[PDB]
Amino acid sequence: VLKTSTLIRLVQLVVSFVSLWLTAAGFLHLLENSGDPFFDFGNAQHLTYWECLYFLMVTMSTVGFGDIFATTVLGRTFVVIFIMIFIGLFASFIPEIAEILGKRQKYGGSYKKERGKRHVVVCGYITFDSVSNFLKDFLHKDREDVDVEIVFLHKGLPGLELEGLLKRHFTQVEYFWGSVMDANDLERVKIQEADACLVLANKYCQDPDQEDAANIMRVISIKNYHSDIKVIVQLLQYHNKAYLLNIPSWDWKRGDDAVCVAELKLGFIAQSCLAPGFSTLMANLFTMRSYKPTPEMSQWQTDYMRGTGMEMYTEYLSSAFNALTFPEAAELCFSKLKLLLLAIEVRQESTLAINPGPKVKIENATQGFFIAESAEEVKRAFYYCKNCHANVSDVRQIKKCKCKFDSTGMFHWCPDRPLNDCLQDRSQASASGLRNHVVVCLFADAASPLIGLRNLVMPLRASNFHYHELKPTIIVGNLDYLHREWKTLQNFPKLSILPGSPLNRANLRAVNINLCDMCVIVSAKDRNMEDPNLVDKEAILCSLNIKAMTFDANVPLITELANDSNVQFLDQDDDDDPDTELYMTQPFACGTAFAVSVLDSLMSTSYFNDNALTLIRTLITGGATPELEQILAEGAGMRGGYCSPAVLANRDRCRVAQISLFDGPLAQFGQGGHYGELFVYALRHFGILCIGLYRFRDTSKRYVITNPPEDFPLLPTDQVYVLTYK
Amino acid sequence: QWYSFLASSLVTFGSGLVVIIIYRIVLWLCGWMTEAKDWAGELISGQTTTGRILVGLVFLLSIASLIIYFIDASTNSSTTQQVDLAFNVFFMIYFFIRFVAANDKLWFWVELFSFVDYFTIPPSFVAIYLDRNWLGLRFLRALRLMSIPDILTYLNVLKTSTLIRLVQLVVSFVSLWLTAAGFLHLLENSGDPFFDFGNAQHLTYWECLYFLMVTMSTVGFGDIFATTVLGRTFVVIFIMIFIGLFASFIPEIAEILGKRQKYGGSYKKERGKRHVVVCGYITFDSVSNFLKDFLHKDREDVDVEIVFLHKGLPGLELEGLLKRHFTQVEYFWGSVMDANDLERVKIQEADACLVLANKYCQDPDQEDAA
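Residues numbered from 1 in each chain as written, not as in the entry; some residues may be left out. Chains lettered and ligands numbered in written order. Part of a larger assembly, values for the part shown. Heavy atoms only, no water. Residues with missing side-chain atoms left out of burial classes, pairs and counts.

1. Quick word on the overall build of chain A
For the record, the criterion: Note on conventions: DSSP H or I runs of at least 4 residues are helices, E runs of at least 2 residues are strands, and numbering of each starts at the N terminus. As defined in this context, the radius of gyration uses C-alpha atoms, and a globule is described by 2.2 Å times the residue total to the power 0.38.
Counting its regular elements, chain A contains 26 helices and 20 strands. At 35 Å, chain A has a C-alpha radius of gyration far larger than the 27 Å of a compact globule built from 726 residues.

Given below as structure tokens:
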């Protein structure tokens, strides 16, 4: 019955206490009632056995009533002896009793599931910093949906900061002590009955490949216990995605996903090089943001907040859109229904397609891809008819039912060059007349972990762009680092690795940041180890260094920041409180900053909307097909081949780009037009789709507006985010 | 008195479980249904405003019964009898809504708050029925004070883990102390069935806590004592319970009160008094040299008050040196990065700021960047 060492030691001490307590009473019962041989049995007080324990237990407890007492001399001696014994005896065992009762698992037990209540499990790297970001975007106040109860399952005991944060969100969150490997730890949480499971990974690590193997191993055990379960994973390197495909029960068709850090982190940064501030547009689009226009705010801050509230929503279309083109479809959506369209799920093995040409038509029951204020407004797409809902002024009334290249042919390719071809000195960099190009300030040691710079360069070298249009990249960092990463980067056109640190102004002035499209800053050192606030000191100094540097200030910049509160230190004109939240701050609206913590918030979005993570990758990477994942898994690398005319037809796809209204045919609207007139004129004649604006701050920072209303003015010096098809 | 009222309380518990056991055996061997069931759960939830207000009434109205007990016990069908019964009807209908809402039946009928309802309510009905008052077990309504941490954590007065754990243990102490007194108040005044109610010492509720708190504290006066055999057994039980119960929580109480920021708060600036801030590498060796040349005796100038602001807690050597120069120096726990740590020192109002660096270091370039 007894088994563990704690229970046996406890039960042993229970008996000794009672036996000694009972036997000592009988000892007094003899002495008190008898009397003594010294006085010759003169005194002899009568006490029962039951009313002698009362005397002992009180003296045992060090209370001392003085209600019952020993008048006999033989009794008092035994009492002093018993007090002398018990203090020495009992106090020696309290340390060993304290180790039994003290040393115990604080949390444990099992999950209690209510009838008709969904719940999700969380695994892996569970710490204050990771969880705090996650819980905000999962349990955001502005969200009309059932409170699906989160269930953390970490091995170790949580910290003092986190313990309060778990107890603060009391009703919605539960914690347990246990790993994801033991079948006993899974059966307690009821994962077969549960909806979904997540695997948050340590982003900042020494050995990233060993960290992913653990997170892959965790998925194996989960998928071993129950095959038909939804699982989502954080990896660090892109190449590790192949090891999930090796698991047989893994099915991306049936809800399983994989969120790469490196793919998305550099991917957002890459798209900013092509069209600045797109990183913020996307970050604000997919994540959850609170709309709250207060009277203290200025005009530019208020309109920015309106954009952040607009989010991704999908739903089926009505019968009215059948046998129409995508441009003809979107006109009815924007004019009458007052909504935007990005894509349609085209049947075939179905696939997604962002803003297709007029050749492709719409079939019955096709899933639309919308951006709007809320999900309630998107219902108007479903409830619609040409005959019935024709001339309606107020749109709220409508709610009636009864009416050279890769093997794939997606990126540009080059032969297996050695590093000494693309290497340069300061003189060779300056001698080369570089203008309109990308710069990458890379901070790293020789013995530092790999970021995976391939995912920055890859989307810059899409087959969408012609050979002359490609922006050449100029990486600045340590050699011993880049020697490792060269095996990935070697097969890309127009690279130029310069050695030395990016704080030497001679290195920068040779490269020409003066004439540049976008200067990226990335760290690769062991961060979040020693200090919390002095993490991005090298990134902050570098941005300041370039702004201060002048030549015969107005420079495009973007910085990778681990900690969010470090955004404070960047700009000069900080008209903001320290208590203000990240997204409302100046530089995050301008796109000069970018947080890594945005990737944790994407874990939530992938759970709720199934066709979200797909949409993101198609916008970011250019054309990352699943064919490449299998080909890159082989180890041969990017295979060449000049391809057939059938494969080269795949390059004709959409790309993100930015258009200004200073010159061109659209400049007529810039004097004093509206956004609605720009939208329709763009879509019909040219075949162009506009997403949002990118204005000057006042009348060279530039804030962002994602999908404004129809009746919205347009200045001459404005810029617009656009999805071209050429 | 002891049997007549206590018999009627046992009838509700006795005959009540017979309904469920026969009902369960039918399931074993072999809208009105679930419309009220979903509504009962939605009504009494906690997340809903109706759930918070309904539980908020239970918190207030339970105390009203306990307030009557203090007056009724001390003075030893009136107007107070009628007011007490009005609350007990609300607890009976509240008992029905939980019974329907909860999935458990046999598990539900054996609970802490369920046991309160069986002994408190039926004698209050019987008191007005018979038209003869009894003290009974109205003190048990003190157990419903234990929902104070639940109200405050939802209201968000309490926030940190230290304050919530401390406030939780405050209520349990007082409730157990009050309820135990009423237990003795019953046993001491009644007597016993073994001697056949021969001995029966009379003690008030107010002058029974004095007996418990002394024995609780391990003082042992022997001014008031239990002559009854039933009382003494409860006393030994209570001493056996309290030593085991209280000593287990002292470790967890010690971690709450022990683990706290020693220094903190904010700087108090006198009118027309300059002060300077010091940052960075603050250690005995660096500071001792600095303070001598700042606060040198041969110096005719105003004693500008130095203000150290280091993150970590200072050492045993330095703590004395800061306390030695008491009037001229102040210390605080905090970094120079947080805006909350700057605003407390009043750096806008302050004169100057300094940054002492670690001279002897492995990586000097990273030290300067900081």
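2. Examining the overall build of chain B
Looking only at helices and strands, chain B has 14 helices and four strands in total. Radius of gyration (C-alpha) of chain B: 32 Å, far over the 21 Å computed for a compact globule of 370 residues. Viewed in the frame of its principal axes, chain B has a C-alpha envelope of about 90 × 60 × 45 Å.

3. A look at the interface of chain B and chain A
Keep this limit in mind: Only heavy atoms matter for contacts: two residues are in contact if any of them lie within 4.5 Å across the pair. Accessible area that two parts lose when put together, with a 1.4 Å probe and added across both, is what the buried area reports. Salt bridges are identified by distance alone: a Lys or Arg side-chain nitrogen within 4 Å of an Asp or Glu carboxyl oxygen. Pairing of N or O atoms within 3.5 Å defines a polar contact, subject to two protein rules: one partner must be a possible hydrogen donor and the other a possible acceptor, and residues neighboring in sequence count only if both atoms are side-chain atoms.
Each partner contributes residues to the interface: chain B has 30 residues there, and chain A has 27 residues. Overall, the association of chain B and chain A removes approximately 2,500 Å² of surface from exposure, summing both partners, and the carbon and sulfur fraction of that is 63%. As a salt-bridge pair, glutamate 51 of chain A and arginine 232 of chain B come within 3.8 Å of each other at their nearest N and O atoms. Applying the counting rule to chain B against chain A returns three residue pairs in polar contact.

4. A look at the environment of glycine 109 of chain A
Residue and element names in this part refer to chain A. Put simply, the rule is: Three exposure classes are used, based on accessible area relative to the maximum for each residue type with a 1.4 Å probe and protein chains only: buried under 20%, partly exposed in between, and exposed over 50%.
For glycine 109, the location among the structural elements is in the loop between α3 (73-102) and β1 (119-124). For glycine 109, a relative accessible area of 53% corresponds to the exposed category. When the C-alpha positions of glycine 109 and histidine 119 are compared, they lie 17 Å apart, and in sequence the two are ten residues distant. Among all residues touching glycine 109, those that are not within four sequence positions of it are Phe176 and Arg188.

5. A look at the UniProt feature "transmembrane region" (unreviewed entry) in chain B
Residues and elements named next belong to chain B. Note the cut-off: UniProt positions are given in the numbering used here, feature names are shortened, and annotations may be inferred rather than shown by experiment.
What UniProt calls "transmembrane region" (unreviewed entry) maps, in this numbering, to residues 2-26, 53-71, 81-101, 108-130, 166-187, 208-228 and 234-254. A distance of 28 Å separates the end C-alpha atoms of residues 53-71, which is 100% helix and 0% strand. Summarising residues 234-254: 100% helix, 0% strand, and an end-to-end C-alpha distance of 29 Å.

6. Topic: the side chain of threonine 706 of chain A
All names here are of chain A. With respect to the helices and strands, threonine 706 occurs in strand β19 (residues 705-706). Judged by its relative accessible area of 12%, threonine 706 is buried. Polar contacts involving the side chain of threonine 706 include one to the main-chain carbonyl oxygen of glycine 307, which spans 2.7 Å. In this view, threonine 706 contacts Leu281, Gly307, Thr308, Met310, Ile691 and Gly692; residues no more than four positions away in its chain are not counted.

7. Brief notes about a negative patch on the surface
As a reminder of what qualifies: Only residues above 30% relative accessible area that lack a salt bridge enter a patch, with like-charged residues linked at up to 9 Å and the nonpolar side chains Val, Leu, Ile, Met, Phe, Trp and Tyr linked at up to 5 Å. Only the protein chains shown count as cover for residues, with accessible areas throughout obtained via the Shrake-Rupley method and a probe of 1.4 Å. Within this scheme the basic residues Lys and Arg register as positive and the acidic residues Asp and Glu register as negative, but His and the chain ends are omitted. Positions of charges follow a simple convention, taking NZ of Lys, CZ of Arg, CG of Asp or CD of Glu.
Among the surface-exposed residues, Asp526, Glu530 and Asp531 of chain A together with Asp363, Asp365 and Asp368 of chain B lie close enough to one another that they form a single negatively charged patch. Among the secondary structure elements, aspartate 526 of chain A is positioned in the loop between β14 (518-523) and α19 (537-548). For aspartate 526 of chain A, a relative accessible area of 42% puts it in the partly exposed group.

8. Some thoughts on the pattern of salt bridges
Residues and elements named next belong to chain A. Tallying each qualifying case throughout the model produces 24 salt bridges over all chains. Between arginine 527 and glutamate 560 there is a salt bridge whose closest N-O contact spans 3.7 Å. The exposure classification of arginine 527 matches that of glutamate 560, with both residues buried. When salt bridges with common partners are traced through the structure, they connect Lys241, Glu263, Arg617 and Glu629 into a single cluster.

9. Remarks on the nonpolar core
The condition is simple: We define a nonpolar core as any set of buried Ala, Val, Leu, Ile, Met, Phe, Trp, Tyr and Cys residues linked to one another through side-chain atoms lying within 4.5 Å.
Residues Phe152, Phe268 and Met282 of chain A are the most contacted members of the largest nonpolar core, which totals 148 residues. Here this core gets eight residues from one element, more than from any other, and that element is helix α9 (residues 261-274) of chain A. Residue contacts for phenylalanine 268 of chain A: discarding those within four places in its chain leaves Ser279, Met282, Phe594, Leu599, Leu602, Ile616 and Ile620 of chain A. Counting 44 residues, the second largest nonpolar core, distinct from the first, contains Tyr54 and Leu56 of chain A together with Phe139 and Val235 of chain B.

10. Some thoughts on helix α13 (residues 375-382) of chain A
Counting along an α-helix, one turn takes 3.6 residues, and residues three or four places apart therefore face a common direction. All names here are of chain A. Put simply, the rule reads: Starting at the helix axis, one direction is taken to each C-beta atom, and the arc is that of these directions.
Within the sequence span of α13, burial applies to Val378, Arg380 and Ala381. For α13, the angular spread of the buried residues around the axis is 130°, confining them to a single face. Considering only its buried residues, α13 is in contact with β7 (311-316), α12 (326-337) and β10 (367-372).

11. Notes on the UniProt feature "binding site: Mg(2+)" (unreviewed entry) in chain A
Residues and elements named next belong to chain A. Within this structure's numbering, the places UniProt gives as "binding site: Mg(2+)" (unreviewed entry) are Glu114, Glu149 and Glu174. Their sequence span is 61 residues, while the largest C-alpha to C-alpha distance among them is just 13.5 Å; these annotated residues converge on one region. If you trace the backbone, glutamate 149 turns up in strand β2 (residues 149-154). Assessed through its relative accessible area of 19%, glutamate 149 is described here as buried. Residue contacts for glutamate 149: discarding those within four places in its chain leaves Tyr111, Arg118, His119, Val120, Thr171, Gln172, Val173 and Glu174. Structurally, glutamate 174 is set in strand β3 (residues 173-177).

12. Some words on the packing of aromatic side chains
Residues and elements named next belong to chain B. The criterion, for reference: Two aromatic rings from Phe, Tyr or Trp, using only the six-membered ring of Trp, form a pair when their centres are within 6.5 Å; if the ring planes differ by under 30 degrees the pair is stacked, by over 60 it is edge-to-face, and anything between is tilted. Ring-over charges, as used throughout, are those where CZ of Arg or NZ of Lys falls within 6 Å of the ring centre and within 35 degrees of the ring normal.
Considering all chains together, one arrives at 52 aromatic pairs over all chains under this definition. Consider the rings of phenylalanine 115 and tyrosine 118, whose centres lie 6.1 Å apart with planes at 85°: the pair is edge-to-face. Placement of both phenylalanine 115 and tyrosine 118 in helix α6 (residues 112-130) is noted, with a separation of three residues, approximately one turn of the helix. Take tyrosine 118: its relative accessible area is 3%, and that puts it in the buried class. Here the aromatic residues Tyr69, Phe70, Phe139, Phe173, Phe183, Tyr205, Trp206, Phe234, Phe238, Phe242 and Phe246 are joined through ring pairs into a cluster of three or more. The residue whose ring lies beneath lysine 105 is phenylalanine 99, and the NZ or CZ to ring-centre distance is 4.5 Å.

13. Description of the packing of helix α8 (residues 161-190) of chain B against helix α10 (residues 229-258) of chain B
Residue and element names in this part refer to chain B. Put simply, the test is: Think of each axis as a best-fit line through the C-alpha atoms, taken over the contacting stretch in the case of a helix, with angles from 0 to 180 degrees between the N-to-C directions. Note on angle classes: values under 35 degrees are labelled roughly parallel, values over 145 roughly antiparallel, values of 65 to 115 roughly perpendicular, and the remainder oblique. Each residue gets one of three labels, nonpolar for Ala, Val, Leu, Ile, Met, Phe, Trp, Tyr, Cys and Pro, charged for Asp, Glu, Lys and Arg, and polar for the others, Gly among them.
The geometry of α8 relative to α10 is characterised by a closest axis approach of 12 Å and an angle of 175° between their N-to-C directions. The orientation of α8 relative to α10 falls into the category roughly antiparallel. Contact with α8, carried on its side by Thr162, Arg165, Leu166, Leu169, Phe173, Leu176, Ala180, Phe183, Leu184 and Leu187, involves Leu230, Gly231, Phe234, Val235, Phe238, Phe242, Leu245, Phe246, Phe249, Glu252, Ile253 and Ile256 of α10 and no other residues of that element. Here the residues of the contact of α8 with α10 sort into 18 nonpolar, two polar and two charged.

14. Concerning the environment of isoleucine 354 of chain A
Residue and element names in this part refer to chain A. As for its placement among the helices and strands, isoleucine 354 is situated in strand β9 (residues 351-354). The exposure class assigned to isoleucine 354 is buried, which follows from its relative accessible area of 16%. Not counting residues within four places of it along the chain, the set of residues in contact with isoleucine 354 comprises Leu342, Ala343, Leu615, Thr618, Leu619, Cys654 and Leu723.

15. Quick notes on the UniProt feature "binding site: Ca(2+) 1" (unreviewed entry) in chain A
Residue and element names in this part refer to chain A. Look at the UniProt record and you will see "binding site: Ca(2+) 1" (unreviewed entry) annotated at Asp142, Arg289, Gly309, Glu311 and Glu373. Tracing the backbone through its elements, the reader meets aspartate 142 in the loop between α4 (128-138) and β2. Since its relative accessible area comes to 47%, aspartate 142 is described here as partly exposed. Those residues in contact with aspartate 142, other than ones at most four positions away along the chain, are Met288 and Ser290. When its relative accessible area of 7% is taken as the criterion, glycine 309 is described as buried.

16. Some words on the sheet that holds strand β20 (residues 719-724) of chain A
All names here are of chain A. We count it as follows: The rule for pairing is simple: two strands pair if DSSP sees at least two bridges between them.
The strand order across the open sheet built from four strands is β17-β20-β18-β19, with neighbouring strands paired in antiparallel fashion. At either margin of the open sheet sits one strand with a lone partner, and together these are β17 (655-660) and β19. For β17 and β20, the ladder comprises six bridges, and the chain directions are antiparallel. Of the residues in β20, the one forming a bridge with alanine 657 is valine 722.

17. Structural notes on empty space enclosed by the protein
This is how the line gets drawn: Method remark: on a 1 Å grid restricted to protein atoms, a set of points is classed as a cavity if a 1.4 Å probe fits but cannot get out and as a pocket if it is open with protein on both sides within 12 Å along at least five of seven lines; lining residues have an atom within 4 Å of a point. Grid points are joined across faces, edges and corners, and a volume is the space filled by probe spheres set on the points.
Counted as a void, the largest cavity has a volume near 290 Å³. Lining the largest cavity are 20 residues, and of these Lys203, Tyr204, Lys265, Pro449 and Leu450 of chain A sit closest to its centre. Ranked by residues supplied to the lining of the largest cavity, first place goes to α9 of chain A with three residues. Its residues placed into classes, the lining of the largest cavity shows twelve nonpolar, three polar and five charged. Size it by volume and the second largest cavity reaches roughly 210 Å³. When residues of the lining of the second largest cavity are traced back to their parent elements, those giving at least two are α1 (4-29), α4 (79-101) and α6 of chain B.

18. Thoughts on a nonpolar patch on the surface
Taken together, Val1, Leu2, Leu7, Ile8 and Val11 of chain A make up a surface patch of nonpolar side chains, about 490 Å² in accessible area. With respect to the helices and strands, the residue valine 11 of chain A is situated in helix α1 (residues 5-34).

19. Considerations on unusual backbone geometry
Residues and elements named next belong to chain A. Positive phi outside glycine occurs at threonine 62, with the angle close to 60°. When you line up the elements, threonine 62 lands in the loop between α2 (50-60) and α3. Despite not being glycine, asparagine 528 shows a phi value in the positive range, around 55°. With respect to the element layout, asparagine 528 can be found in the loop between β14 and α19.

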